[PDB]
Amino acid sequence: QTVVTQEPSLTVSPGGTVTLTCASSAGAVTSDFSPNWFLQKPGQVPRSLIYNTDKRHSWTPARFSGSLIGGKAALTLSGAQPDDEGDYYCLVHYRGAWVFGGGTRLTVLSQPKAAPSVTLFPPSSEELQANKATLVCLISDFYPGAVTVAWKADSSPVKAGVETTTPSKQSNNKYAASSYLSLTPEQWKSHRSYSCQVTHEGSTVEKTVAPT
Amino acid sequence: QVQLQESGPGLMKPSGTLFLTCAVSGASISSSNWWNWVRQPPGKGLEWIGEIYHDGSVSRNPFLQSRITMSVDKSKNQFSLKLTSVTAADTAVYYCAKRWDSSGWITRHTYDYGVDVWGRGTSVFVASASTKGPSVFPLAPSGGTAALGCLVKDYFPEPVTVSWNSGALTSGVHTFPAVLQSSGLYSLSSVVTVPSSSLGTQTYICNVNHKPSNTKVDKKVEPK
(Lines give C-alpha, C1' and ligand atoms only; values in the text may rest on other atoms or scores of the structure.)
Protein backbone atom coordinates (compact mmCIF):
# COMPACT_ATOMS: atom_id res chain seq x y z
CA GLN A 1 0.00 0.00 0.00
CA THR A 2 0.98 3.61 -0.71
CA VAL A 3 -0.45 6.95 0.46
CA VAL A 4 -3.21 8.18 -1.86
CA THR A 5 -3.78 11.94 -1.71
CA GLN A 6 -6.86 13.90 -2.76
CA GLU A 7 -7.98 17.47 -2.22
CA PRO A 8 -9.60 17.96 1.22
CA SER A 9 -12.50 19.91 -0.30
CA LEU A 10 -13.39 21.70 -3.53
CA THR A 11 -16.29 23.89 -4.63
CA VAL A 12 -18.10 24.45 -7.93
CA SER A 13 -21.07 26.53 -9.05
CA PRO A 14 -24.23 24.95 -10.51
CA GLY A 15 -23.34 24.34 -14.15
CA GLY A 16 -19.59 24.90 -13.82
CA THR A 17 -16.61 22.60 -14.34
CA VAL A 18 -14.35 21.08 -11.69
CA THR A 19 -11.57 18.48 -11.67
CA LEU A 20 -10.66 16.22 -8.74
CA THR A 21 -7.15 14.76 -8.65
CA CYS A 22 -5.83 11.55 -7.11
CA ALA A 23 -2.09 11.32 -6.40
CA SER A 24 0.13 8.49 -5.18
CA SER A 25 3.20 8.61 -2.96
CA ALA A 26 5.04 6.15 -5.23
CA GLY A 27 5.12 8.41 -8.30
CA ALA A 28 3.08 8.94 -11.45
CA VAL A 29 -0.27 7.18 -11.87
CA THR A 30 -0.24 4.99 -14.98
CA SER A 31 -3.15 2.96 -16.35
CA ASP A 32 -1.79 -0.11 -14.54
CA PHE A 33 -3.08 1.35 -11.27
CA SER A 34 -6.61 1.00 -12.73
CA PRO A 35 -8.02 3.98 -10.79
CA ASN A 36 -11.67 3.88 -9.77
CA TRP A 37 -13.90 6.73 -8.62
CA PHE A 38 -16.77 6.44 -6.14
CA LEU A 39 -19.32 8.96 -4.87
CA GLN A 40 -20.91 8.77 -1.41
CA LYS A 41 -23.90 10.92 -0.51
CA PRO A 42 -24.27 11.76 3.21
CA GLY A 43 -25.80 8.66 4.78
CA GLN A 44 -25.85 6.62 1.56
CA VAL A 45 -23.82 3.66 0.33
CA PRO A 46 -20.97 4.76 -1.99
CA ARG A 47 -21.85 4.53 -5.68
CA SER A 48 -19.51 3.39 -8.44
CA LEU A 49 -18.79 5.95 -11.16
CA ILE A 50 -15.59 5.29 -13.17
CA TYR A 51 -13.55 2.08 -13.31
CA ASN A 52 -10.08 1.80 -14.88
CA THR A 53 -9.23 5.44 -15.58
CA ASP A 54 -11.98 6.39 -18.05
CA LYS A 55 -14.71 3.73 -18.25
CA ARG A 56 -18.24 4.64 -17.19
CA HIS A 57 -20.73 2.18 -15.73
CA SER A 58 -24.29 1.89 -17.02
CA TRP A 59 -25.48 4.43 -14.42
CA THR A 60 -22.69 7.03 -14.58
CA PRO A 61 -23.98 10.23 -16.25
CA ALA A 62 -22.12 11.70 -19.21
CA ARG A 63 -21.12 14.69 -17.04
CA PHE A 64 -18.37 12.63 -15.39
CA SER A 65 -15.09 11.81 -17.13
CA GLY A 66 -11.74 10.42 -16.04
CA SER A 67 -8.15 10.55 -17.32
CA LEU A 68 -4.50 10.74 -16.27
CA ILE A 69 -3.24 14.33 -15.96
CA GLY A 70 0.39 14.98 -15.05
CA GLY A 71 1.00 11.76 -13.15
CA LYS A 72 -2.35 11.94 -11.34
CA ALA A 73 -5.70 10.26 -11.91
CA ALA A 74 -8.31 12.97 -12.49
CA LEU A 75 -12.12 12.99 -12.39
CA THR A 76 -13.71 15.85 -14.33
CA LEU A 77 -17.29 17.07 -13.90
CA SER A 78 -18.93 19.20 -16.61
CA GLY A 79 -22.22 20.95 -15.90
CA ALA A 80 -22.46 20.70 -12.12
CA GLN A 81 -25.85 19.83 -10.63
CA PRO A 82 -26.71 19.99 -6.90
CA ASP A 83 -27.30 16.22 -7.02
CA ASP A 84 -23.57 15.67 -7.66
CA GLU A 85 -22.63 17.02 -4.21
CA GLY A 86 -20.95 14.44 -2.01
CA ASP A 87 -17.68 12.77 -1.05
CA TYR A 88 -15.55 11.41 -3.91
CA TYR A 89 -13.01 8.65 -3.24
CA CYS A 90 -10.45 7.17 -5.62
CA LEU A 91 -9.35 3.53 -5.45
CA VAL A 92 -6.07 2.36 -7.01
CA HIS A 93 -4.25 -0.97 -7.21
CA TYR A 94 -0.60 -1.20 -6.18
CA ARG A 95 1.59 -4.12 -5.05
CA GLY A 96 -1.29 -6.58 -5.02
CA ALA A 97 -3.66 -4.46 -2.94
CA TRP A 98 -6.36 -1.81 -3.33
CA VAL A 99 -5.78 1.56 -1.63
CA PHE A 100 -8.48 4.17 -1.02
CA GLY A 101 -7.80 7.89 -0.95
CA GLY A 102 -8.65 10.33 1.80
CA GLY A 103 -11.59 11.57 -0.25
CA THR A 104 -12.69 14.97 -1.54
CA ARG A 105 -15.78 16.78 -0.26
CA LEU A 106 -17.33 18.43 -3.32
CA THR A 107 -20.00 21.08 -2.71
CA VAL A 108 -22.29 22.55 -5.38
CA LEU A 109 -22.74 26.11 -4.13
CA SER A 110 -26.48 26.79 -3.90
CA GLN A 111 -25.74 29.91 -1.81
CA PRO A 112 -22.71 32.14 -1.10
CA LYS A 113 -20.01 31.11 1.34
CA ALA A 114 -20.60 31.63 5.07
CA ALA A 115 -17.81 32.30 7.57
CA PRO A 116 -17.79 30.35 10.85
CA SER A 117 -18.12 31.82 14.32
CA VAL A 118 -15.68 30.20 16.76
CA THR A 119 -15.97 30.16 20.55
CA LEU A 120 -13.21 28.69 22.73
CA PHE A 121 -13.88 27.75 26.36
CA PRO A 122 -11.14 27.15 28.95
CA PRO A 123 -11.41 24.24 31.40
CA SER A 124 -13.82 24.92 34.23
CA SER A 125 -12.67 24.99 37.85
CA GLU A 126 -14.84 21.96 38.63
CA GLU A 127 -13.00 19.76 36.12
CA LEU A 128 -9.56 20.64 37.51
CA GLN A 129 -10.53 19.22 40.91
CA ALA A 130 -11.79 16.15 39.04
CA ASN A 131 -8.15 15.96 37.86
CA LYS A 132 -9.12 16.58 34.23
CA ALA A 133 -8.91 19.45 31.74
CA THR A 134 -10.88 19.81 28.50
CA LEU A 135 -10.78 22.61 25.93
CA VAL A 136 -14.03 23.08 23.99
CA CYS A 137 -13.77 24.72 20.56
CA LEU A 138 -17.22 25.29 19.04
CA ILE A 139 -17.77 26.05 15.34
CA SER A 140 -21.06 26.96 13.68
CA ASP A 141 -22.71 28.84 10.81
CA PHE A 142 -20.16 27.91 8.13
CA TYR A 143 -20.90 26.91 4.54
CA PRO A 144 -19.81 24.77 2.82
CA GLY A 145 -19.48 22.07 5.47
CA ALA A 146 -15.74 21.50 5.15
CA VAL A 147 -13.31 22.69 7.83
CA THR A 148 -9.89 21.85 9.29
CA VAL A 149 -9.17 22.21 13.02
CA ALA A 150 -5.69 22.34 14.56
CA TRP A 151 -4.40 22.81 18.09
CA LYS A 152 -1.15 24.37 19.33
CA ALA A 153 0.35 24.52 22.82
CA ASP A 154 2.47 27.68 23.01
CA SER A 155 4.22 27.64 19.61
CA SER A 156 4.20 23.87 19.03
CA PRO A 157 1.44 21.92 17.24
CA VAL A 158 -0.65 19.50 19.29
CA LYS A 159 -2.19 16.27 18.00
CA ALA A 160 -2.35 13.98 21.06
CA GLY A 161 -5.65 14.26 22.89
CA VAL A 162 -7.62 15.88 20.05
CA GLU A 163 -11.03 14.64 18.92
CA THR A 164 -13.21 16.51 16.43
CA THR A 165 -16.61 15.81 14.87
CA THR A 166 -17.59 16.03 11.22
CA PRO A 167 -19.84 18.88 10.04
CA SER A 168 -23.56 18.33 10.58
CA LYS A 169 -26.34 20.14 8.75
CA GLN A 170 -28.09 22.84 10.78
CA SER A 171 -31.67 24.04 10.30
CA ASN A 172 -30.66 27.07 8.20
CA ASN A 173 -28.76 24.79 5.77
CA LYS A 174 -25.44 25.73 7.40
CA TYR A 175 -23.02 23.43 9.23
CA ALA A 176 -21.58 23.11 12.73
CA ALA A 177 -18.75 21.20 14.38
CA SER A 178 -16.79 21.02 17.63
CA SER A 179 -13.27 20.04 18.67
CA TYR A 180 -12.05 18.88 22.08
CA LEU A 181 -8.55 18.83 23.59
CA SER A 182 -8.19 16.62 26.67
CA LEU A 183 -5.26 17.63 28.88
CA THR A 184 -3.96 16.93 32.34
CA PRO A 185 -4.14 19.70 34.96
CA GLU A 186 -0.34 19.85 34.98
CA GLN A 187 -0.20 20.35 31.20
CA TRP A 188 -2.76 23.17 31.44
CA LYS A 189 -0.44 25.03 33.85
CA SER A 190 2.92 24.20 32.20
CA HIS A 191 2.06 26.24 29.08
CA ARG A 192 1.42 29.95 28.63
CA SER A 193 -1.47 29.50 26.18
CA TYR A 194 -3.52 27.14 24.01
CA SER A 195 -5.24 28.03 20.75
CA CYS A 196 -7.85 26.56 18.41
CA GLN A 197 -7.14 27.16 14.72
CA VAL A 198 -10.09 26.94 12.33
CA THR A 199 -9.39 27.07 8.59
CA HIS A 200 -12.34 27.49 6.21
CA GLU A 201 -12.12 28.37 2.50
CA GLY A 202 -8.58 29.71 2.91
CA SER A 203 -9.55 32.00 5.81
CA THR A 204 -8.25 31.11 9.27
CA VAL A 205 -9.67 32.01 12.69
CA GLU A 206 -7.61 31.40 15.84
CA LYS A 207 -8.84 31.74 19.42
CA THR A 208 -6.51 31.58 22.43
CA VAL A 209 -6.98 30.89 26.14
CA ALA A 210 -4.43 31.10 28.95
CA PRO A 211 -4.31 29.58 32.45
CA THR A 212 -3.05 32.92 34.07
CA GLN B 1 -28.77 -6.89 -11.40
CA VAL B 2 -26.51 -8.51 -8.81
CA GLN B 3 -27.67 -7.82 -5.25
CA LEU B 4 -25.67 -8.15 -2.03
CA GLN B 5 -26.89 -8.36 1.57
CA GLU B 6 -24.50 -8.37 4.53
CA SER B 7 -25.35 -9.46 8.07
CA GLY B 8 -23.42 -8.67 11.23
CA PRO B 9 -23.63 -8.88 15.02
CA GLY B 10 -24.17 -5.14 15.42
CA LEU B 11 -22.74 -4.81 18.93
CA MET B 12 -19.44 -6.47 19.86
CA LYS B 13 -17.27 -6.62 23.02
CA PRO B 14 -13.53 -5.81 22.85
CA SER B 15 -10.84 -8.42 22.16
CA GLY B 16 -13.50 -10.52 20.40
CA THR B 17 -13.73 -11.93 16.89
CA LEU B 18 -15.85 -10.25 14.22
CA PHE B 19 -17.76 -12.58 11.88
CA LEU B 20 -19.59 -11.08 8.90
CA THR B 21 -21.52 -12.78 6.10
CA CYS B 22 -22.67 -11.45 2.72
CA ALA B 23 -25.46 -13.15 0.78
CA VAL B 24 -25.19 -12.93 -3.02
CA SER B 25 -28.33 -12.76 -5.16
CA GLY B 26 -28.51 -12.90 -8.95
CA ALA B 27 -24.97 -14.32 -9.12
CA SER B 28 -23.02 -17.40 -8.08
CA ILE B 29 -19.83 -17.59 -6.03
CA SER B 30 -18.13 -19.85 -8.60
CA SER B 31 -18.36 -17.03 -11.20
CA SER B 32 -15.43 -14.84 -12.28
CA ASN B 33 -15.80 -12.21 -9.56
CA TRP B 34 -13.77 -10.98 -6.59
CA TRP B 35 -15.78 -10.67 -3.37
CA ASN B 36 -14.50 -7.63 -1.48
CA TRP B 37 -14.91 -6.21 2.02
CA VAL B 38 -14.78 -2.47 2.79
CA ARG B 39 -15.26 -0.62 6.08
CA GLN B 40 -15.62 3.05 6.99
CA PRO B 41 -14.83 4.35 10.51
CA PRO B 42 -17.13 7.04 11.93
CA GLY B 43 -16.25 10.41 10.44
CA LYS B 44 -13.40 8.92 8.38
CA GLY B 45 -12.97 7.59 4.85
CA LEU B 46 -13.18 4.21 3.17
CA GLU B 47 -10.62 1.51 3.95
CA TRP B 48 -10.07 -1.54 1.76
CA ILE B 49 -9.98 -4.77 3.78
CA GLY B 50 -9.58 -7.61 1.30
CA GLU B 51 -11.05 -9.70 -1.48
CA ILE B 52 -11.36 -13.42 -2.17
CA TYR B 53 -11.80 -15.49 -5.33
CA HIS B 54 -13.82 -18.70 -5.50
CA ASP B 55 -10.66 -20.80 -5.87
CA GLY B 56 -9.43 -19.70 -2.42
CA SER B 57 -6.85 -17.08 -3.39
CA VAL B 58 -7.09 -13.96 -1.21
CA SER B 59 -5.48 -10.53 -1.01
CA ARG B 60 -5.45 -8.68 2.31
CA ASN B 61 -4.63 -5.23 3.61
CA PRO B 62 -0.88 -5.28 4.40
CA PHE B 63 -1.35 -3.60 7.79
CA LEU B 64 -4.07 -6.10 8.80
CA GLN B 65 -2.98 -9.40 7.21
CA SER B 66 -2.47 -11.28 10.49
CA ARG B 67 -6.01 -10.46 11.70
CA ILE B 68 -8.03 -10.93 8.48
CA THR B 69 -9.50 -14.26 7.34
CA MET B 70 -11.86 -14.59 4.37
CA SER B 71 -13.76 -17.63 3.12
CA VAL B 72 -16.51 -18.56 0.67
CA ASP B 73 -19.44 -20.98 0.94
CA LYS B 74 -20.74 -22.39 -2.34
CA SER B 75 -23.66 -24.44 -1.01
CA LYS B 76 -25.01 -21.27 0.65
CA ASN B 77 -23.75 -18.85 -2.05
CA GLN B 78 -22.09 -16.67 0.59
CA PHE B 79 -18.67 -15.34 1.52
CA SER B 80 -17.51 -14.34 4.99
CA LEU B 81 -14.98 -12.15 6.80
CA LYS B 82 -13.27 -12.93 10.11
CA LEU B 83 -11.39 -10.28 12.10
CA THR B 84 -9.67 -11.22 15.37
CA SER B 85 -8.53 -9.23 18.42
CA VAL B 86 -11.00 -6.46 17.68
CA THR B 87 -10.61 -3.14 19.52
CA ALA B 88 -12.52 0.14 19.54
CA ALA B 89 -10.47 1.27 16.52
CA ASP B 90 -12.36 -1.31 14.41
CA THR B 91 -15.79 0.25 15.00
CA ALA B 92 -17.04 1.05 11.50
CA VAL B 93 -19.74 0.43 8.91
CA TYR B 94 -18.75 -2.65 6.91
CA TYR B 95 -19.69 -3.18 3.26
CA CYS B 96 -19.33 -6.18 0.97
CA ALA B 97 -18.80 -5.56 -2.74
CA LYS B 98 -17.78 -7.38 -5.90
CA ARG B 99 -15.82 -6.66 -9.06
CA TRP B 100 -15.30 -8.50 -12.33
CA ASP B 101 -12.10 -10.46 -12.95
CA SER B 102 -10.27 -9.90 -16.24
CA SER B 103 -7.54 -11.73 -18.13
CA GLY B 104 -5.30 -11.23 -21.14
CA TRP B 105 -4.79 -14.40 -23.18
CA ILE B 106 -5.07 -17.48 -20.94
CA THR B 107 -6.94 -17.48 -17.63
CA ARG B 108 -5.09 -14.99 -15.43
CA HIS B 109 -5.60 -12.41 -12.68
CA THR B 110 -5.56 -9.11 -14.57
CA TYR B 111 -7.23 -6.16 -12.85
CA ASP B 112 -9.03 -4.29 -15.63
CA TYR B 113 -12.61 -4.21 -14.35
CA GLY B 114 -13.52 -2.49 -11.10
CA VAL B 115 -16.12 -2.49 -8.34
CA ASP B 116 -19.65 -2.33 -9.76
CA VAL B 117 -21.98 -3.68 -7.02
CA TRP B 118 -22.19 -2.58 -3.38
CA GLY B 119 -24.05 -3.92 -0.37
CA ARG B 120 -26.25 -2.08 2.10
CA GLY B 121 -23.64 -1.82 4.87
CA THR B 122 -23.74 -3.12 8.44
CA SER B 123 -22.95 -1.21 11.63
CA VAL B 124 -20.39 -2.79 13.98
CA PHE B 125 -19.73 -1.02 17.29
CA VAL B 126 -16.99 -2.27 19.62
CA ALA B 127 -18.15 -1.36 23.13
CA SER B 128 -14.83 -0.50 24.79
CA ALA B 129 -16.69 0.94 27.80
CA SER B 130 -19.83 0.09 29.76
CA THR B 131 -22.83 2.25 30.65
CA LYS B 132 -21.64 5.48 32.27
CA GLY B 133 -23.52 8.53 33.50
CA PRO B 134 -22.53 11.91 32.10
CA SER B 135 -20.36 14.47 33.87
CA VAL B 136 -21.78 17.97 33.43
CA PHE B 137 -19.33 20.87 33.69
CA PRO B 138 -20.23 24.56 33.26
CA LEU B 139 -19.06 26.58 30.26
CA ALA B 140 -18.99 29.99 31.92
CA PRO B 141 -18.59 33.29 29.99
CA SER B 142 -20.16 39.18 21.68
CA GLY B 143 -20.97 42.64 23.00
CA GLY B 144 -24.72 42.81 23.58
CA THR B 145 -24.98 39.01 23.81
CA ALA B 146 -22.97 36.38 25.67
CA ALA B 147 -22.46 32.63 25.27
CA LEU B 148 -22.66 30.12 28.12
CA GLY B 149 -23.17 26.39 28.13
CA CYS B 150 -22.69 22.97 29.70
CA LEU B 151 -20.11 20.30 28.86
CA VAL B 152 -21.67 16.82 28.92
CA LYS B 153 -18.54 14.68 29.29
CA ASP B 154 -17.95 10.93 29.05
CA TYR B 155 -21.31 9.15 28.77
CA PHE B 156 -22.53 5.95 27.13
CA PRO B 157 -24.68 5.06 25.23
CA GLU B 158 -25.85 7.65 22.77
CA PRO B 159 -29.29 9.05 23.79
CA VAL B 160 -28.92 12.33 25.71
CA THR B 161 -31.36 15.26 25.77
CA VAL B 162 -30.48 18.79 26.89
CA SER B 163 -32.83 21.65 27.76
CA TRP B 164 -32.41 25.12 29.26
CA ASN B 165 -34.55 26.44 32.14
CA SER B 166 -36.88 23.42 31.96
CA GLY B 167 -37.49 23.99 28.25
CA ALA B 168 -38.51 27.64 28.67
CA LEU B 169 -35.41 29.03 26.91
CA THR B 170 -35.69 27.83 23.30
CA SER B 171 -34.41 30.78 21.23
CA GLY B 172 -30.63 31.04 20.99
CA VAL B 173 -29.95 27.44 22.09
CA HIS B 174 -27.54 25.35 20.01
CA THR B 175 -26.72 21.76 20.99
CA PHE B 176 -23.72 20.34 19.13
CA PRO B 177 -23.76 16.66 18.09
CA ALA B 178 -21.67 14.46 20.34
CA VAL B 179 -18.14 13.28 19.54
CA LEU B 180 -17.21 9.58 19.72
CA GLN B 181 -13.95 9.44 21.66
CA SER B 182 -11.43 6.64 21.18
CA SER B 183 -12.21 5.40 24.71
CA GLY B 184 -15.74 4.45 23.63
CA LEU B 185 -17.41 7.37 25.43
CA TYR B 186 -19.47 10.23 24.02
CA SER B 187 -19.23 13.94 24.77
CA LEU B 188 -21.22 16.94 23.54
CA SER B 189 -21.63 20.64 24.33
CA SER B 190 -24.82 22.73 24.46
CA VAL B 191 -24.45 26.51 24.33
CA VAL B 192 -27.05 29.28 24.63
CA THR B 193 -26.86 32.93 23.54
CA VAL B 194 -28.21 35.28 26.21
CA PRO B 195 -28.13 39.06 26.72
CA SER B 196 -24.85 39.99 28.38
CA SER B 197 -26.56 42.51 30.68
CA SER B 198 -28.68 39.80 32.34
CA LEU B 199 -25.67 37.71 33.44
CA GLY B 200 -25.76 39.34 36.88
CA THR B 201 -29.50 39.15 37.57
CA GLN B 202 -30.76 36.14 35.54
CA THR B 203 -29.89 32.53 36.36
CA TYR B 204 -29.51 29.91 33.62
CA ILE B 205 -29.75 26.17 34.31
CA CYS B 206 -28.79 23.40 31.87
CA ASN B 207 -30.94 20.27 32.22
CA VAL B 208 -29.31 16.98 31.16
CA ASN B 209 -31.23 13.70 30.87
CA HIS B 210 -29.48 10.35 30.32
CA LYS B 211 -32.07 7.57 30.56
CA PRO B 212 -29.70 4.61 29.86
CA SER B 213 -27.97 5.41 33.17
CA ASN B 214 -31.13 6.82 34.84
CA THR B 215 -29.29 10.09 35.54
CA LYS B 216 -30.80 13.59 35.42
CA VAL B 217 -28.71 16.69 36.12
CA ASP B 218 -29.60 20.38 36.52
CA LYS B 219 -26.51 22.60 36.38
CA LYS B 220 -26.52 26.31 37.18
CA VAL B 221 -24.11 28.25 34.95
CA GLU B 222 -22.56 31.14 36.89
CA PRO B 223 -20.58 34.05 35.41
CA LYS B 224 -17.28 32.89 37.18
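Residues numbered from 1 in each chain as written, not as in the entry; some residues may be left out. Chains lettered and ligands numbered in written order. Heavy atoms only, no water.

Attention now goes to the environment of A:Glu126. With respect to the secondary-structure elements, A:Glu126 resides in helix α1 (residues 125-129). With residues up to four places along the chain from it excluded, the contact list for A:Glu126 reads B:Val136, B:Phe137, B:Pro138, B:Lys219 and B:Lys224. (Helix = DSSP H or I, 4+ residues; strand = E, 2+ residues; numbered from the N terminus. Contact = heavy atoms within 4.5 Å.)

The next thing to look at is the side chain of B:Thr122. Residues and elements named next belong to chain B. Checked against the element boundaries, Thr 122 lands in strand β11 (residues 122-126). Residue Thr 122 is classed as buried on the basis of its relative accessible area, which comes to 10%. If near-sequence neighbours (up to four positions away) are discounted, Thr 122 is found in contact with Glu 6, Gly 8, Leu 20, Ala 92, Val 93 and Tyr 94. (Buried < 20%, exposed > 50% of the residue type's maximum accessible area, 1.4 Å probe, protein only.)

A few words on the nonpolar core. Residues and elements named next belong to chain B. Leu 18, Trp 37, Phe 79 and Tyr 94 are the most contacted members of the largest nonpolar core, which has 25 residues in total. Of all the elements in the fold, those that place two or more residues in this core are β3 (18-25), β4 (33-40), β5 (47-52), β7 (68-73), β8 (78-83), β9 (92-100) and β11. Per element, the largest residue contribution to this core is 4 residues, and it comes from β3. Contacts of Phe 79, omitting those with residues within four sequence positions, involve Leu 20, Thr 21, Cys 22, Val 24, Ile 29, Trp 35, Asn 36, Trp 37, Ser 71, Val 72, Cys 96 and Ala 97. (Core = buried A, V, L, I, M, F, W, Y, C linked by side-chain atoms within 4.5 Å.)

Quoted interface sizes are often the accessible area lost when the parts come together. Facing the 47 residues of chain B at the interface are 40 residues of chain A. Buried area between chain B and chain A, summed over both chains or domains, comes out near 3,400 Å², and the portion from carbon and sulfur atoms is 64%. Linking chain B to chain A there are 2 salt bridges. Ionic pairing is found between B:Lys219 and A:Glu126, a salt bridge with its closest N-O pair at 3.4 Å. Among the elements of the structure, β4, β5, β6 (58-60), β9, β10 (115-118), β12 (135-139), β13 (145-155) and β17 (186-195) of chain B are those that each provide at least two residues to the side of chain B that touches chain A. (Buried area = accessible area lost by both parts, 1.4 Å probe. Salt bridge = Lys/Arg side-chain N within 4 Å of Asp/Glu carboxyl O.)

Here we take up the domain arrangement of chain B. Residue and element names in this part refer to chain B. Parsing chain B into structural domains produces domain 1 (1-128) and domain 2 (129-224). Once you take the C-alpha centre of each, domain 1 and domain 2 turn out to be 41 Å apart. The interface is formed by 5 residues belonging to domain 1 together with 7 residues belonging to domain 2. In this assembly, domain 1 packs against domain 2 so that about 400 Å² is buried in total across both faces, 71% of it on carbon and sulfur atoms. Linking domain 1 to domain 2 there are 0 salt bridges. Where domain 1 meets domain 2, there are 1 residue pair in polar contact. For the side of domain 1 that touches domain 2, a count of residues per class yields 4 nonpolar, 1 polar and no charged. (Domains from an automatic or database assignment. Polar contact = N/O pair within 3.5 Å; in protein donor to acceptor, adjacent residues only side chain to side chain. Nonpolar A, V, L, I, M, F, W, Y, C, P; charged D, E, K, R; others polar.)

On to the pattern of salt bridges. Close approach of charged atoms allows side chains with opposite charge to pair. Residue and element names in this part refer to chain B. Tallied over the entire structure, the rule returns 10 salt bridges over all chains. Of the charged contacts in the structure, one is a salt bridge between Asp 90 and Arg 39, with a shortest N-O distance of 2.8 Å. You can see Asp 90 sitting in the loop between β8 and β9 and its partner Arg 39 sitting in strand β4, a full 51 residues away along the chain. For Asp 90, a relative accessible area of 3% gives the class buried.

Moving on, we get to the sheet that holds β3(B). Residue and element names in this part refer to chain B. Across the sheet, 4 strands lie side by side as β1-β3-β8-β7; this open sheet has antiparallel pairing. Where the open sheet ends on each side, the last strands, each with one partner, are β1 (3-7) and β7. Across the sheet, the mean angle from the axis of one strand to that of its neighbour is 20°, orientation sign disregarded. In the sheet, β3 pairs with β8 via 6 bridges, with the strands oriented antiparallel. Along β8, the bridge assignment pairs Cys 22 with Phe 79. (Pairing = 2+ DSSP bridges. Axes fitted to C-alpha atoms, helices over the stretch in contact; angles between N-to-C directions.)

This part is about the packing of aromatic side chains. In total, this model carries 15 aromatic pairs over all chains according to the counting rule given. Ring plane angle 25° and centroid distance 5.5 Å describe the contact between B:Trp35 and B:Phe79, whose orientation is recorded as stacked. Here the residue B:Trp35 occupies a position in strand β4, and B:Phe79 occupies one in strand β8, the gap between them amounting to 44 residues. With a relative accessible area of 1%, B:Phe79 lands in the buried category. Members of the aromatic cluster, joined through ring pairs, are A:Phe38, A:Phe100, B:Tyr95 and B:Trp118. The cationic tip of A:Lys55 hangs over the ring face of B:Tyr113; the distance from NZ or CZ to the ring centre is 6.0 Å. The ring of A:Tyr180 has B:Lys153 lying over it, and the distance from NZ or CZ to the ring centre is 5.5 Å. (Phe/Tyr/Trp six-rings, centres within 6.5 Å; stacked < 30°, edge-to-face > 60°. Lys NZ or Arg CZ within 6 Å of the ring centre and 35° of its normal.)

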